[PDB]
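Below is one structure, written out as structure tokens; comments come after it.
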There are 2 protein chains.
Amino acid sequence: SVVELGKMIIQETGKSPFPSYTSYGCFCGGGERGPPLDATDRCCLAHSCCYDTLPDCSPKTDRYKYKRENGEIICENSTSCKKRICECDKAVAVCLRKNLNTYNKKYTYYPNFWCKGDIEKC
Amino acid sequence: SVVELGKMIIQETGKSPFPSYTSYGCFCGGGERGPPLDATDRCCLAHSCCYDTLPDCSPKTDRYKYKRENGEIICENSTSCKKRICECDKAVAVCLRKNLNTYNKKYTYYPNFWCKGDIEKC
Ligand SMILES: CCCCCCCCCCCC(=O)O
Ligand SMILES: CCCCCCCCCCCC(=O)O
């Protein structure tokens, strides 16, 4: 559902996922080692962790629909997976928005070999 | 289908898509303005162009199956989309392998705002 995750990011941050968040910091768009550089990076870390709770699902490819109710994302429930994938995506999109005031352009293309820490448990 | 694409990449280049190809140059992992930086980057532009030949499909989320006969990728044919999407991924994975020897670590995290050329037609 990378497509739906992208639509959420667009609506919430006003930024297009690529290139603003596809390789941001140590965790946005991938990465297991930190520490996270900032709040935005922590949002992505939390998203990776959320996807870890979906071993029975295919988060990157399972399509789903969502609505906006009073400015809030409302997840569908056609299947258990779609619901949980959607909630994970909803969380990250809102988190990215809330920390726009600290978005750092010098982290947009952060070289991943700068992320040295261990893989910290979620 | 990004899942299948990633598997092919690993099988062909011995590298996982992230971080080696997820944001390489002006076109790998996304991008429109060029010109492409090198052979590897041109592989990604051609891949993007290939996906543009599948407007009736969803190349990033449509799952498909494939085999490896005699070291070669053998795409399935259950649906036309699964077949055509698989041939695009097969093509880019093989191209990345063919150009492994000129992969440039300094383009792995290329800042996209450095790609200032026009958006050439495919
Ligand atoms: C790398 C392409 C994926 C683009 C999706 C937008 C980024 C969301 C960031 C969440 C980080 C994560 O769970 O990897
Ligand atoms: C950005 C997540 C995509 C990860 C897959 C590895 C990149 C494949 C390269 C093809 C470039 C393209 O069509 O964007």
Side-chain angles (χ1 to χ4, degrees), chain A residues 1-61 73 75 84-122, chain B residues 2-3 5-7 9-10 13-26 28-31 103-115:
Chain A
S1 188
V2 55
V3 175
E4 287 75 42
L5 169 61
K7 297 194 189 303
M8 281 190 201
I9 301 294
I10 290 176
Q11 300 188 309
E12 293 300 318
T13 70
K15 295 181 185 288
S16 45
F18 172 79
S20 294
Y21 295 107
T22 41
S23 65
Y24 189 95
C26 290
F27 299 81
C28 300
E32 293 183 303
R33 295 171 181 289
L37 299 181
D38 56 17
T40 297
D41 208 12
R42 278 188 274 93
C43 292
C44 293
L45 166 53
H47 189 242
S48 172
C49 287
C50 199
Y51 272 11
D52 284 347
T53 75
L54 316 173
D56 61 303
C57 309
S58 302
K60 293 180 179 179
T61 67
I73 297 296
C75 286
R84 297 203 302 304
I85 293 171
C86 180
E87 289 300 326
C88 283
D89 296 342
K90 169 179 177 179
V92 76
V94 171
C95 185
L96 291 182
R97 184 183 63 177
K98 166 65 178 178
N99 294 284
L100 283 174
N101 67 314
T102 58
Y103 179 97
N104 199 324
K105 279 64 181 180
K106 65 176 191 286
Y107 294 154
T108 306
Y109 311 95
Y110 198 65
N112 201 63
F113 56 74
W114 279 2
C115 308
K116 305 303 174 191
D118 306 305
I119 291 181
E120 301 284 42
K121 285 189 172 180
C122 291
Chain B
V2 58
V3 173
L5 172 60
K7 299 187 186 307
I9 298 298
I10 291 171
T13 72
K15 299 162 170 288
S16 54
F18 172 84
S20 291
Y21 299 103
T22 45
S23 61
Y24 187 95
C26 290
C28 301
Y103 181 98
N104 194 330
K105 279 60 183 178
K106 78 162 180 289
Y107 300 152
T108 304
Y109 310 96
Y110 206 70
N112 198 58
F113 63 86
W114 276 18
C115 303

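All values below come from the heavy atoms of this structure, side chains included, with hydrogens, waters and symmetry mates left out. Chain letters run A, B, ... following the sequence lines, proteins first and then strands; every chain starts at 1.
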Where at least one partner belongs to [range], residue pairs that pass side-chain hydrogen bond (donor to acceptor under 3.5 Å, both in side chains), sequence neighbours excluded:
{"range": "residues 13-25 of chain A", "answer": "A/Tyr24-A/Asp38"}
{"range": "residues 94-105 of chain A", "answer": "A/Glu12-A/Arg97, A/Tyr103-A/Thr108"}
{"range": "residues 113-122 of chain A", "answer": "none"}

Name all residues meeting the side chain to side chain donor-acceptor pair (under 3.5 Å) criterion together with A/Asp41; count only those two or more places apart in sequence or in a different chain, and write none if there are none.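 Counting only residues at least two positions away or on another chain, A/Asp41 forms no side chain to side chain donor-acceptor pair (under 3.5 Å).
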
Quick one: side chain to side chain donor-acceptor pair (under 3.5 Å) partners of B/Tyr109, sequence neighbours excluded?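 Side chain to side chain donor-acceptor pair (under 3.5 Å) check on B/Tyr109 returns nothing, list empty.
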
Can you name the salt bridge (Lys or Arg N to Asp or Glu O under 4.0 Å) partners of A/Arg42, sequence neighbours left out?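 None.
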
Heavy-atom closest pair, residues [X] and [Y]:
{"X": "A/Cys115", "Y": "A/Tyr110", "result": "SG-CE2, 3.6 Å"}
{"X": "B/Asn112", "Y": "B/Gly31", "result": "OD1-CA, 4.3 Å"}
{"X": "A/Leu37", "Y": "A/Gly25", "result": "CD1-CA, 3.9 Å"}
{"X": "A/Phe18", "Y": "B/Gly29", "result": "CD1-O, 3.7 Å"}
{"X": "A/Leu5", "Y": "A/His47", "result": "CD2-CE1, 3.7 Å"}

Distance check, rounded to the nearest 0.5 Å: [X] atom [atom1] versus [Y] atom [atom2]?
{"X": "A/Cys50", "Y": "A/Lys90", "atom1": "SG", "atom2": "NZ", "answer": "11.5 Å"}
{"X": "A/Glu32", "Y": "A/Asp52", "atom1": "CD", "atom2": "CG", "answer": "8.0 Å"}
{"X": "A/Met8", "Y": "A/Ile73", "atom1": "CE", "atom2": "CD1", "answer": "5.5 Å"}
{"X": "A/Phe27", "Y": "A/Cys49", "atom1": "CZ", "atom2": "SG", "answer": "8.0 Å"}
{"X": "A/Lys60", "Y": "A/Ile85", "atom1": "NZ", "atom2": "CD1", "answer": "12.0 Å"}
{"X": "A/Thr53", "Y": "A/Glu87", "atom1": "OG1", "atom2": "CD", "answer": "11.0 Å"}

Taking the SG atom of each, are A/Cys28 and A/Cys44 under 2.5 Å apart?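 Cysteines A/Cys28 and A/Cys44 qualify as a disulfide pair, their SG atoms being under 2.5 Å apart.
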
